[PDB]
Structures are given as structure tokens and as C-alpha cells.
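Going left to right, the sequence shown walks through residues 1 to 148, 151 to 232 as the authors' numbering numbers them. Heads up, the beta-carbon is just placed ideally off N, CA and C, and yes, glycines get one too. Scroll down for the structure; my scribbles are underneath it.
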Amino acid sequence: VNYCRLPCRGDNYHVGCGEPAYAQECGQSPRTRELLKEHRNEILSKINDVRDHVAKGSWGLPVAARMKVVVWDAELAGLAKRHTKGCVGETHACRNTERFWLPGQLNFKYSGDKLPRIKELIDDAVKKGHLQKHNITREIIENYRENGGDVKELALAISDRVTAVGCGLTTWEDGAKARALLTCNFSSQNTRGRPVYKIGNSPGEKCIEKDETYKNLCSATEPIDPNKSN
Ligand SMILES: CCCCCCCCCCCCCCCC(=O)O
Ligand SMILES: [Pr+3]
Numbered sequence: 001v002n003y004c005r006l007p008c009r010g011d012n013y014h015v016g017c018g019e020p021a022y023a024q025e026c027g028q029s030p031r032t033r034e035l036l037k038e039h040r041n042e043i044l045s046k047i048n049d050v051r052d053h054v055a056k057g058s059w060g061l062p063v064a065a066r067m068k069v070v071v072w073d074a075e076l077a078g079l080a081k082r083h084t085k086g087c088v089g090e091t092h093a094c095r096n097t098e099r100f101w102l103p104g105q106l107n108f109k110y111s112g113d114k115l116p117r118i119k120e121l122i123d124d125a126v127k128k129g130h131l132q133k134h135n136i137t138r139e140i141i142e143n144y145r146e147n148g151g152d153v154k155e156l157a158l159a160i161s162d163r164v165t166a167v168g169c170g171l172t173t174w175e176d177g178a179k180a181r182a183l184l185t186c187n188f189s190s191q192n193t194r195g196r197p198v199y200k201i202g203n204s205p206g207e208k209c210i211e212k213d214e215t216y217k218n219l220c221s222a223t224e225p226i227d228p229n230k231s232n
């Protein structure tokens with residue numbers, strides 16, 4: 001699609017419209033960083049690991065009726081990469097696609113004396129999400145609320163409307179620090195006041211077909227509509 005000709009409600013510019021450029025806010029030494037096959041696989045592995053663990057009713061959270069295995073989406077990743085070139089986490093850009101009408105988005109920021117390897121940047125993001133298990137509750141799962151501490155990152159990873167993810171990464175130097183912005187776009191968003199995922203008495207009880215690897219999740223062909231909410 002030509003993103004310049006894909007409108008969105010609110011009429012904001014689309015992150016994918018026009019030629020890519022680094023924002024002035026990146027300072028003068030930014031570098032977008034390629035997430036190779038190994039990195040993409042690791043991101044997927046950790047997201048599917050947590051989904052599978054939650055789906056069987058872990059952490060005092062409910063059993064999930066129809067939580068799908070997530071795949072990597074190149075288009076979402078390309079848009080996430082473009083976003084990182086701005087060196088700013090939250091913006092008002094549109095980021096819709098023809099397949100995914102309201103993609104969710106997570107932004108992981110790093111600042112430190114030294115720049116960690118790409119793998120360490122991913123590990124740090126995973127750690128942040130994992131530690132939110134102490135913040136999330138059965139209540140949040142039944143009725144999504146984002147502020148209360152943080153749960154946005156972990157909660158999006160375990161949304162049963164989510165079907166795909168794609169991330170990007172830019173690193174730079176400013177304020178006497180190495181900095182990074184790792185952005186992950188998801189096929190869907192959690193919806194305020196609606197369940198993060200639907201409960202079942204048994205994991206994947208409402209899957210047409212369960213996955214063989216992630217035994218508590220639906221397989222990759224599960225016809226979950228990412229543009230519908232709970
Ligand atoms: C790049 C980050 C992706 C989005 C954030 C990832 C969400 C947290 C992932 C936690 C995975 C580890 C938990 C798996 C369950 C377990 O082994 O106990
Ligand atoms: Pr490549």
C-alpha cells in the first residue's frame with residue numbers, strides 16, 4: 001500500500017508516508033539496526049513462551065480459551081523500524097495497514113554508558129515485560145486497564163486478539179549516553195474495559211486446532227480476526 005494514501009481516523013500523518021529520515025532528536029550519530037533472523041526468532045519465542053504459560057492458567061491468571069501462536073509480520077516490522085528513526089517513543093502518527101486496522105505498539109527505551117548488543121536490548125525488553133507479572137491481575141485480564151504499576155507491555159503480549167508482531171530498532175548517542183529505541187508493532191491492541199483474553203476451563207478449549215509446540219495455544223492457521231476486540 002501507499003501509506004500516503006491510506007487514511008486514518010483522526011487524520012494524522014502515517015509513519016510510513018514519505019522518505020525515511022532520522023529525527024534531529026536522534027542527535028548526529030543515529031543508526032537503524034537490522035533485526036536479523038536470529039533476533040526475530042528470539043522475539044517470537046519469548047512472546048509465544050509467555051502466551052503458552054499464561055494460557056494454561058499461570059501466575060494466578062485465568063486459563064485462556066483461544067490464544068493463538070503469534071507470527072512475525074514483515075510489514076508491521078517495517079513500520080516499527082521507520083518509527084524508531086524518530087528516536088521518540090510515543091507519537092501521534094497513524095500506523096494502520098490493510099490487514100491490521102489498529103495495530104498495538106510497545107516502545108522500549110534504553111539509556112546507558114555503553115551500548116549493549118542487539119540481543120541484550122531484546123533481553124532487556126523481555127525482562128521488563130516479564131517483571132510486570134507482579135503488576136497484572138485477574139481483574140486486568142477481565143477488564144483491561146492500563147494505569148493503576152505498569153502492565154501495558156505484558157498485557158499486549160498475551161492479548162488473544164493478537165496474531166502477529168513486527169519490531170524495529172534504532173540506536174544513537176545523546177546526553178553523554180548510548181541510547182536505543184526498540185519498537186514492536188502488534189496486529190491488535192488491548193481495548194479499555196474489555197477482556198485481554200477470553201477465559202476457558204481448559205487451555206485452548208475453543209481452538210479449532212491446538213499447536214503441537216505451544217500446547218496451550220491455537221495453531222498458526224487459527225482464523226482469529228485481529229481487527230475484532232473482546
Ligand atoms: C521484545 C519484547 C516483546 C514484548 C515483551 C515480551 C513480553 C514478556 C515476555 C516474557 C517471556 C518469559 C515468560 C515465559 C513464561 C515462563 O517461562 O515462566
Ligand atoms: Pr535481511
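The Cβ atoms of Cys-220 and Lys-68 lie closer than 8 Å to each other. If you look at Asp-113, you'll find it isn't in any beta strand (DSSP E); DSSP assigns it neither H nor E. With a cutoff of 7 Å, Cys-186 counts as near ligand 1, since its C-beta is closer than that to a heavy atom of the ligand.
Per DSSP, the continuous alpha helix (DSSP H) segment holding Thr-84 begins and ends at 74 to 84.
At least one heavy atom of ligand 2 lies less than 7 Å from the C-beta of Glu-34. Shown in chain order are the residues whose CB sits closer than 6 Å to a heavy atom of ligand 1: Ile-43, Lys-46, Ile-47, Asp-49, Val-50, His-53, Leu-106, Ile-122, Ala-125, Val-126, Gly-129, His-130, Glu-155, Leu-156, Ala-159 and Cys-186. Under DSSP, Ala-180 forms a beta bridge with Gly-112 and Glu-175. Per DSSP, the continuous alpha helix (DSSP H) segment holding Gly-129 begins and ends at 118 to 130. As computed with DSSP, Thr-32 is found in a beta bridge with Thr-172.
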